[PDB]
Visitor: 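To start, I am sharing the structure in question, which I have written as structure tokens.
Labels below follow one simple rule: chain letters A, B, ... track the order of the sequence lines, proteins then strands, and each chain is numbered from 1. Worth knowing before you read on, the calculation uses all heavy atoms, side chains too, and leaves out hydrogens, waters and symmetry mates.
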Amino acid sequence: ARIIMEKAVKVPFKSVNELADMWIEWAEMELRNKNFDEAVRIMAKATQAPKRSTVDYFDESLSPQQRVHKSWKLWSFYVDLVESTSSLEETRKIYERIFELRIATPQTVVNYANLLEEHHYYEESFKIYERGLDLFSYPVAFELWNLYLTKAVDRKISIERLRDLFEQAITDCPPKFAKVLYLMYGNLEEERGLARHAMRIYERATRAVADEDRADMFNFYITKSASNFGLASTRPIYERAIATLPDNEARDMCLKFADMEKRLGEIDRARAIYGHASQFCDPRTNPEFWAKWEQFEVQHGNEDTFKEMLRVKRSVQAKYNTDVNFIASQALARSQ
Amino acid sequence: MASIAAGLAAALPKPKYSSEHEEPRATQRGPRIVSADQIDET
Amino acid sequence: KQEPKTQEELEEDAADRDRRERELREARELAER
Amino acid sequence: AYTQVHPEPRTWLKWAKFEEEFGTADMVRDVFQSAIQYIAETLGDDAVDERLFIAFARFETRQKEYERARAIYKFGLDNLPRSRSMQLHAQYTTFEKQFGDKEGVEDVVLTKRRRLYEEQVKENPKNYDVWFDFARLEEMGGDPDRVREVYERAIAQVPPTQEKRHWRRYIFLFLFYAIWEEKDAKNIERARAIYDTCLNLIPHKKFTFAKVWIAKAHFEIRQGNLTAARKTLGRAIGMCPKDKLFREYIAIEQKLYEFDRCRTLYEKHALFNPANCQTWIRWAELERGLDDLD
Amino acid sequence: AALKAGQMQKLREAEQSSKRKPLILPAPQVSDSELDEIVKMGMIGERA
Amino acid sequence: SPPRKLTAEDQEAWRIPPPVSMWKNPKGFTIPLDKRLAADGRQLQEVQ
Amino acid sequence: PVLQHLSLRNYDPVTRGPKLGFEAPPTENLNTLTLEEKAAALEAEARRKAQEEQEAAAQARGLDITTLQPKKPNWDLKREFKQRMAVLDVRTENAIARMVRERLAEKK
Amino acid sequence: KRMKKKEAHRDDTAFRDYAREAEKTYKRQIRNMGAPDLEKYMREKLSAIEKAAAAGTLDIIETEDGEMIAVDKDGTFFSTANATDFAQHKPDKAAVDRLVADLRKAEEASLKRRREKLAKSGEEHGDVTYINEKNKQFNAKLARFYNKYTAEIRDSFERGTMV
Ligand SMILES: O=P(O)(O)O[C@H]1[C@H](OP(=O)(O)O)[C@H](OP(=O)(O)O)[C@H](OP(=O)(O)O)[C@@H](OP(=O)(O)O)[C@H]1OP(=O)(O)O
């Protein structure tokens, strides 16, 4: 049986999958007639390779004997076998050899870090997460960042160290994940730092989120700033949002700003905000906005401000009295 | 005068992985055609 | 139902445990010296 | 020939990547050493590029020469100006997070965050929360002369505006200098000097701070200076009375279980404001416990 | 019409992103200082 | 000597506007009226 | 014997190959919340509290103090302040205790 | 590496100078030839080895390891620079055909772009503002340059009023 597997290996099979299956058949045979040390040394003979080999696995010009050392079936089998039938240091050496052979996967980064965390090496788990994080660039490093940042916050390492981690993710987060990362940076800053720092983190977040989530991020910033501070301090956030956002977002944020200023009691400031949004908003596509301004003027105002409102309304109608706006308005009217 | 280069070469430890037996990482499809400089060298 | 809080020694890192046992062994060896 | 004509770091790094693919690690090392030496001998020793140092250290990290990589990172950081070794330090921090021991990790994170906060202070000298975070960074680092110098620069950053809304955080910064040189440095005389300088710097004619009065009152209580603590709070009362100040010293004397001095303090609070029903009820309950019912 | 409308609307959006003008707000009659003593009186009343 | 390395911003900074004359039309072109009035600063001119 | 002498972490026995993260992510095997499940809970809580606050004001009519300034200024400052004196308050309490013991023992 | 290459091409689309255009064109032409025939290259190398050995410019020597080492006495094995016979490489007929077909393909692609741009210029979307084809081209050039400055005047001509 030993020599028959030996010459089975010596056969140049037609596929690296076939040679992989024969090597794991030898290992399964020994494991059946349990010889765990022999099975480990058979897998070592299988996966024997030079230190810095880069043989193409899918190269159908070299021998399968040459290019099964980078087979991921053998290495998965070998690392699980060593994990079950040997110690942490031996399994750790197999994992480092996989990482050196560069067939490592984020699944393997997480498995290696989980093995070290189950053996209660939390700092070594963090080190393995860092190694995977500079091995995979960003859009896979976010999966690693999810797991690593939750585990690091749960482990409660030093606040400057956690701040460094969050800046390290924020360095080249795409906006899609920047929403999540900035939210959790602000959350950590609230629970363990200072709320002024959390507010400036949220301001950078409002600058650096995607265009889909920018109004949502501004609203999150406004709600948390209203909770942690005053509405007079949420005023400049409203001003920046209505200065930077697109048209519909700016209309909605101007309406929220005017409502907040009316609640505070500054009727003239609310009137100015409504005039600004009236400039930006076309009546045949914003009837609810014009109705809201009419409600504000009949709850707070006189007939002079009311005729000023109607003068502004028909001036905006004259401004938007173009062919382009006619196309847009007719399309919206017969789409609604 | 090469103080920073000398300090770098001094501060670096010897490599713990031997490299004296290392062939080039990509082989040249021989035969080797070289010159009288390599006649003098060899 | 109030969950009973079983106080683990707020998890001692195994690297710190290995350093502790190594340094007490080294202190024992210095006592032998 | 290419490095002779275009001796920039770009072309040297292209050669080094070439030799990493098609050569030996000894020739990659020779290319890196030749680049460092050439740019040194031509442009000067401070004009060698952190890109060369980073790429050399990263090649050794790929080779698993972690000691050589650490030596390259350390040498480049020691022999380059910080304004042009920024990215070298960032790469060193990530390297130690990947392979270094824990004490090396907080050492390099301490240096990195120290430099970042130093830049933030250099931009805005009056950012008080930045000062507080760099304060806590130095306290967790544990370098006492550094912490003292940081607090001294923070104190010297005097707010020119006389607004109490900024003086909150500035007096609060004095409170943390006191807490550090009471709980970590254990310098009682220095803490007393902190409180004295704080009393000198507070414009008590406009606004006094019950926070610092309470803090140094309890500090002198911990020290055991009964007469000094009472003298300081009496000076506070004669300077500017405050409802919280009266309430906290009433509570302190209630915990002290004495009777005559707290009776006099209740009389003084009645003289300042007779309408404090809380103090009237508390004095009445204390006399009820004293069983002086008349 | 759809494709000319898409190119059209991108051109109009470039226009409008240039065409925006700032918002001048009136100075609030109740500024942050009197916010501070009104919230001080409010907390004094509710703690009483 | 070796050629100057230019950017697309250099190319844009040296592109030249097509001249529309207020007097001359040698080819008899029909120019849109906004293009005809673009180079006039009398729209710019402010009187106080 | 194979399925009990392998660790079954990277290897998949029913397919005779490596385990794929496309089908079974390790986020399933986690015992905690990821960053996106977390922070999505934060978004949901924020929108819930914002809707609750606006309907509270609308059932009400205008400004109250507890929403004009809901948390006291420098509250993080004072929180981290008493967190740093979570110990010296105990030491000055013991100072008052021993000082009371001293004065009462001198009187007795 | 792929995505950084794609991003670099996207950033390098716009014209900077003719040195960049020449470098881009050369790199694209190398890609379009594709992988060289290393077997034919090696056959030519061995034929040149035996021919230069016969002509006495190559020495076949054996060192202490007993291996074939060829030594170019001059430096003209690999390059026809410094070769006095550099002007008698008559290229293969297949090579000439391949170069000619490359140039014919370039010519066809340019003519095809000419046809496509003539068709898309002949299409007319919206108002006629011109009276001939040169006028149409000039008005399109004017729109490309000046429309960022004339938007308010264009709105006035659309709606009928305002500055
Ligand atoms: O000692 P200060 O720095 O001058 O400020 C205090 C402090 O309140 P703040 O935290 O808002 O600064 C007091 O104590 P706490 O509320 O923190 O417990 C409070 O005392 P009361 O609780 O009795 O209200 C009140 O002092 P007072 O009301 O007697 O003036 C207030 O003073 P100011 O806000 O007016 O400066």
Visitor: Tell me, for A/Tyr185 versus chain G, whether the close heavy atoms (under 4.5 Å) come from the side chain, the backbone, both or neither.
Guide: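 Neither part.
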Visitor: Where does A/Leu147 contact chain G at under 4.5 Å (heavy atoms): side chain, backbone, both or neither?
Guide: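 For A/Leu147, the side chain is the part near chain G, not the backbone.
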Visitor: Can you tell which part of G/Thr27 gets under 4.5 Å to a heavy atom of chain A, answering side chain, backbone, both or neither?
Guide: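 Contact with chain A: side chain only.
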Visitor: Output the option from G/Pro73, G/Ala46, G/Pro70 having the highest count of non-hydrogen pairs under 4.5 Å with chain A.
Guide: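 Looking at each of G/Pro73, G/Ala46, G/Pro70 in turn, G/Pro70 comes out on top.
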Visitor: I'd like to know whether the aromatic ring centres of A/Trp72 and A/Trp75 sit less than 6.0 Å apart in this structure.
Guide: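 For A/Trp72 and A/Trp75, the ring centres are not under 6.0 Å apart.
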Visitor: Which region of G/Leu63, side chain (C-beta onward) or backbone (N, CA, C, O), has a non-hydrogen atom less than 4.5 Å from a non-hydrogen atom of chain A, or is it both or neither?
Guide: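 Both the backbone and the side chain of G/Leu63 come within 4.5 Å of chain A.
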Visitor: Measure distances from A/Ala232 to the heavy atoms of chain G and classify the residue's part below 4.5 Å as side chain, backbone, both or neither.
Guide: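 The answer is neither part of A/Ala232.
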Visitor: Quick one: does any side-chain atom of A/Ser15 pair with a main-chain N or O of A/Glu18 as donor and acceptor, under 3.5 Å?
Guide: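 Side chain of A/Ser15 to backbone of A/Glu18: a pair is present.
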Visitor: Taking A/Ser76 for its side chain and A/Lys73 for its backbone only, find out whether a donor-acceptor pair lies under 3.5 Å.
Guide: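 Checked: pair present.
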Visitor: With a 4.5 angstrom heavy-atom cut-off, could you sort out which part of A/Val110 is near chain G: side chain, backbone, both or neither?
Guide: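 For A/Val110, the contact with chain G is made by the side chain alone.
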Visitor: Measure A/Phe77 against the heavy atoms of chain G and call it side chain, backbone, both or neither at under 4.5 Å.
Guide: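 Both backbone and side chain.
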Visitor: For the pair A/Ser125 (side chain) and A/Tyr122 (backbone), establish whether a donor and an acceptor sit closer than 3.5 Å, ignoring hydrogens and angles.
Guide: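 Such a contact is absent between A/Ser125 side chain and A/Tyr122 backbone.
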Visitor: Where on A/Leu74 is there a heavy atom nearer than 4.5 Å to chain G: the side chain, the backbone, both, or neither?
Guide: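 Neither part.
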Visitor: Quick one: which of G/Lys71, G/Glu80, G/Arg47 has the most heavy-atom pairs under 4.5 Å with chain A, could you say?
Guide: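 Of the options given, most contacts go to G/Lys71.
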Visitor: Which bit of A/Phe142 comes within less than 4.5 Å of chain G, counting heavy atoms only: side chain, backbone, both or neither?
Guide: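 Side chain only.
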Visitor: Could you look at G/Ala40 and say if it's the side chain, the backbone, both or neither that has a heavy atom under 4.5 Å from chain A?
Guide: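 Contact with chain A involves no heavy atom of G/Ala40 at all.
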Visitor: Give a yes or no answer on whether the side chain of A/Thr85 reaches the backbone of A/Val82 with a donor-acceptor pair at less than 3.5 Å.
Guide: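 Flag not set: sc A/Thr85 to bb A/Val82 has no pair under 3.5 Å.
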Visitor: So what's closer than 4.5 Å to chain G heavy atoms on A/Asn219: side chain, backbone, both or neither?
Guide: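 No part of A/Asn219 comes within 4.5 Å of chain G.
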Visitor: Are any side-chain N or O atoms of A/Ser225 and backbone N or O atoms of A/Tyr221, one a donor and one an acceptor, separated by less than 3.5 Å?
Guide: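 Not a single qualifying donor-acceptor pair exists.
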Visitor: Aromatic ring centroids of A/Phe220 and A/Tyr202 under 6.0 Å?
Guide: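 Yes, the ring of A/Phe220 comes within the 6.0 Å limit of the ring of A/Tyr202, centre to centre.
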Visitor: What part of G/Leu6 gets within 4.5 angstrom of chain A, counting heavy atoms only: side chain, backbone, both, or neither?
Guide: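 Both the backbone and the side chain of G/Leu6 come within 4.5 Å of chain A.
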Visitor: A/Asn114, A/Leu115, A/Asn146, A/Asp154: which one forms the most heavy-atom pairs within less than 4.5 Å of chain G?
Guide: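 So the answer, after comparing A/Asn114, A/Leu115, A/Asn146, A/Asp154, is A/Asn146.
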Visitor: Please flag which part of G/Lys49 lies under 4.5 Å from any non-hydrogen atom of chain A: side chain, backbone, both or neither.
Guide: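 Only the side chain of G/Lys49 comes within 4.5 Å of chain A.
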Visitor: Do A/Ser87 and A/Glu89 have side-chain atoms, one donor and one acceptor, less than 3.5 Å apart?
Guide: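 A donor-acceptor contact under 3.5 Å links the two side chains.
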Visitor: Side-chain donor-acceptor pair under 3.5 Å between G/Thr32 and G/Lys38, yes or no?
Guide: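 Side-chain D/A pair, G/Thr32 to G/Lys38: absent.
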Visitor: Which answer fits A/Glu117, side chain, backbone, both or neither, if we ask what part of it has an atom under 4.5 Å from a heavy atom of chain G?
Guide: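 Neither the backbone nor the side chain of A/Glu117 comes within 4.5 Å of chain G.
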Visitor: Counting only non-hydrogen atoms closer than 4.5 Å, does A/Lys34 touch chain G with its backbone (N, CA, C, O), its side chain (CB onward), both, or neither?
Guide: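 Contact with chain G: side chain only.
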Visitor: Is it the case that the side chain of A/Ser227 and the backbone of A/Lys224 share a donor-acceptor pair, with hydrogens and angles ignored and the cut-off at 3.5 Å?
Guide: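 Not at all, since once roles are kept as given, no pair shorter than 3.5 Å links the two residues.
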Visitor: Only pairs of heavy atoms separated by less than 4.5 Å count here; which of G/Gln4, G/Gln69, G/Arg16, G/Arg9 has the most with chain A?
Guide: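 Among the listed options, the one with the most contacts to chain A is G/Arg9.
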Visitor: Sort out for me which of A/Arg32, A/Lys151, A/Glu118, A/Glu190 touches chain G most, counting heavy-atom pairs under 4.5 Å.
Guide: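 Top count of heavy-atom pairs under 4.5 Å with chain G: A/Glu118.
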Visitor: Let me know if A/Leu264 has heavy atoms under 4.5 Å from chain G in its side chain, its backbone, both or neither.
Guide: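 Contact with chain G is through both the backbone and side chain of A/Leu264.
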Visitor: Checking G/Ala24 against chain A: side chain, backbone, both or neither under 4.5 Å from a heavy atom?
Guide: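 For G/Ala24, the backbone is the part near chain A, not the side chain.
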Visitor: Using a 4.5 angstrom heavy-atom cutoff, name the option from A/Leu31, A/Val79, A/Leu183 with the most pairs to chain G.
Guide: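 The residue among A/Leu31, A/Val79, A/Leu183 with the greatest pair count is A/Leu31.
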Visitor: Which atoms of G/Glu37 are under 4.5 Å from chain A, going by heavy atoms: the side chain, the backbone, both sets, or neither?
Guide: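 Contact with chain A involves no heavy atom of G/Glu37 at all.
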Visitor: Given a strict heavy-atom distance threshold of 4.5 Å, which part of A/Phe177 is in contact with chain G: side chain, backbone, both, or neither?
Guide: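 Neither part; nothing is under 4.5 Å.
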Visitor: Mark yes when over 12 heavy atoms from residues, nucleotides or ligands other than A/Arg92 sit less than 6.0 Å from its CZ; otherwise mark no.
Guide: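 Yes, because the 6.0 Å sphere around CZ of A/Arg92 holds more than 12 heavy atoms from other groups.
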Visitor: Under the side chain to side chain donor-acceptor pair (under 3.5 Å) rule, what do A/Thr108 and A/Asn111 come out as? Steps first, then yes or no, please.
Guide: CA-CA 5 Å; A/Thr108 66; A/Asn111 292 350; over 6 Å; no
Visitor: Compute whether any side-chain donor of one residue and acceptor of the other, for A/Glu96 and A/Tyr112, lie under 3.5 angstrom apart.
Guide: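 Yes, A/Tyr112 and A/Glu96 have a side-chain donor paired with an acceptor closer than 3.5 Å.
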Visitor: Under a 3.5 Å threshold, yes or no: a donor from one side chain and an acceptor from the other, between G/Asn10 and G/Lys19?
Guide: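 Note: G/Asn10 and G/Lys19 side chains miss the donor-acceptor criterion.
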Visitor: Under 4.5 Å heavy-atom distance to chain A, tell me which part of G/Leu77 shows up: side chain, backbone, both or neither.
Guide: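 Neither part.
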Visitor: For G/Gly62, does its backbone N or O pair with a side-chain atom of A/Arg263 as donor and acceptor, under 3.5 Å?
Guide: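 Yes; at least one donor-acceptor contact below 3.5 Å.
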